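Just the one chain here, laid out as structure tokens, in the form deposited in one PDB entry.
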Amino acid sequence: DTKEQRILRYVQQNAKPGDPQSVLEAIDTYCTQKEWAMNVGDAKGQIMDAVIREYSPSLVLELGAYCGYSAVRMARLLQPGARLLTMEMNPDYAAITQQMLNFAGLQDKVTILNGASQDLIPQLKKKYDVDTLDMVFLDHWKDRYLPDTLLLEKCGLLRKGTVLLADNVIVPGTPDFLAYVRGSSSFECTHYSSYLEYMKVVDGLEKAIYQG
């Protein structure tokens, strides 16, 4: 029995099936009252929601799924026919994420890509018929934000206006990524100050819009 299975179980026992909002509130309740967990959370999740509604992306890439909280957060706001692809290298986690998506009724919109982003990113065009990405949610290991950003650009997956949205740019921090995008003329950056999931530690999201 893992913490991730206990979270999935609490959702199955308490959330309304096919109701993504109630799945979200159930994860946040369990992690606020019983076990902290690295979901993006409700405070940063609300900023995510606002960014998603602004840009209405047709194709979203997520780096790091964990238990599916953030994929459920974004997919429930996608237009009909919009797609989310989420890369997760831990097979236990990816199996929890698939079950969470199934319970929320979002299976049709989300495709789990089992593996490490650095291996899966060069296969996006061929194996998933991707031209360019409309939005990227970066929320995996912090030492990969900058390498995977450089890899996305190298593989031709970015276009003018592609929205990169990065979690944890303050805590635990992504200093090289943050320095890179803020100093690069290829990105227009905005910082959204918030709080670490289920805590009052300051954290924030960085939005970095590729400029071509």
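Shifts are known only where both forms have a C-alpha. Here, rigid core means the biggest group of C-alpha atoms that superpose within 1.5 Å across both forms. Residues carry their position along the shown sequence, with the first being 1.
Heads up, the form deposited in another entry isn't pictured, but that's what we're talking about next.
Superposed on the rigid core, the two forms differ between this form and the one not shown by 2 Å or more at the C-alpha of one listed residue only; from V51, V181, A26, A37 that residue is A37.
A displacement of 2 angstroms or greater separates the C-alpha positions of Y195 between this form and the one not shown, with the rigid core held in common.
In that other deposited form, the Cα positions of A71 and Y195 lie at least 3 Å farther from each other than in the form displayed. In that other deposited form, the CA atoms of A37 and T32 come closer by at least 3 angstroms compared with the shown structure.
In a core-based superposition, a mobile segment is defined as at least three consecutive common residues whose CA atoms each shift by 2 Å or more; between this form and the one not shown, such segments span 37-42, 195-203.
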